[PDB]
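Taking the entry's author numbering, the leading residue of the sequence shown gets 62, the next gets one more, and so forth. For every residue, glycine included, the Cβ atom is placed at its ideal position computed from N, Cα and C. Below is one structure, written out as structure tokens; comments come after it.
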Amino acid sequence: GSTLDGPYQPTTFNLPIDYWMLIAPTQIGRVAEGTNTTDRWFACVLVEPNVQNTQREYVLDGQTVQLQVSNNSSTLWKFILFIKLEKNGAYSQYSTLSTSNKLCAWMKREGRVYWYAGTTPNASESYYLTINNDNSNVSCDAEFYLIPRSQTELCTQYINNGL
Ligand SMILES: CC(=O)N[C@@H]1[C@@H](O)[C@H](O[C@@H]2O[C@H](CO)[C@H](O)[C@H](O[C@H]3O[C@H](CO)[C@H](O)[C@H](O)[C@H]3NC(C)=O)[C@H]2O[C@@H]2O[C@@H](C)[C@@H](O)[C@@H](O)[C@@H]2O)[C@@H](CO)O[C@H]1O
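Right, here's the structure in full:
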């Protein structure tokens, strides 16, 4: 079987640059969040298949917020990447990952957070937001693995095919 660095228990930490944090939730809802503390608060949420547009509640950046989610796939799970741009602002939707595998991943590099998006088995790191703060903390509600950038091909493989 595949051998990855992990699983690590859920925590809040200063994710080192140039590592994929491959997150492996078992529960729907909030999966992970991060912030540069200045103009980006980002969060991913997991939605099960066959969900008509609806408003659910999540605790993001400490606050209970109401966000519209949907997933019109009868079979694929959907991670949604939400971002707010100021401390007191509202979250907007920026990217999604539709997947049979229930894994998502992001990386801090080049002052950005890269994110796997698309539809498995063809998800790719096509999306990023800009944070310009290498010491940005990430909070994770799920177990996760760390994959160095040299093994990006393996991260892509796991996102798309599972472990
Ligand atoms: C459907 C589709 O193909 N859309 C493409 C856009 O996604 C592309 O826009 C850029 O996409 C990037 C991710 O792949 C990234 O999100 C980027 O914005 C981010 O990076 C810039 C600097 O490079 C800024 O710092 C932004 O603030 C940052 N976004 C966040 C939320 O932090 C996108 O670039 C922005 O959007 C594009 C369209 C231009 O208007 C830029 O001036 C913006 O900065 C892009 C293709 O690469 O166009 C679409 O086709």
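Mind reading off the beta-carbon distance from residue i to residue j? Whole number of angstroms is fine, and I expect it under 8 Å.
| i | j | result |
| --- | --- | --- |
| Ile208 | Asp66 | 7 Å |
| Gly95 | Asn198 | 6 Å |
Determine the DSSP secondary structure at residue i, reduced to helix, strand or coil.
| i | result |
| --- | --- |
| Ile220 | helix |
| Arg210 | helix |
| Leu83 | strand |
| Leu142 | strand |
| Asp100 | coil |
| residue 42 | It is not possible to answer for residue 42, since the shown part of the chain is limited to 62 through 224. |
Under the rule that 16 or more other beta-carbon atoms within 10 Å means buried, what is residue i, buried or exposed?
| i | result |
| --- | --- |
| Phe74 | exposed |
| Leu224 | exposed |
| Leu146 | exposed |
| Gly62 | exposed |
| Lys148 | exposed |
Give every residue of the same chain whose Cβ lies closer than 7 Å to the Cβ of residue i, excluding the five residues on either side of it in the sequence, and list them in chain order.
| i | result |
| --- | --- |
| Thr72 | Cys201 |
| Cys216 | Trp81, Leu83, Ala166, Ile208 |
Exercise for review: Within the stretch 151-217, note down every full beta strand (DSSP E) run reaching 3 residues or more, in order along the chain.
Suggested key: Counting whole runs of 3 or more residues, the stretch 151-217 contains the beta strand (DSSP E) stretches 153-160, 165-170, 173-180, 185-191, 198-201, 204-209.
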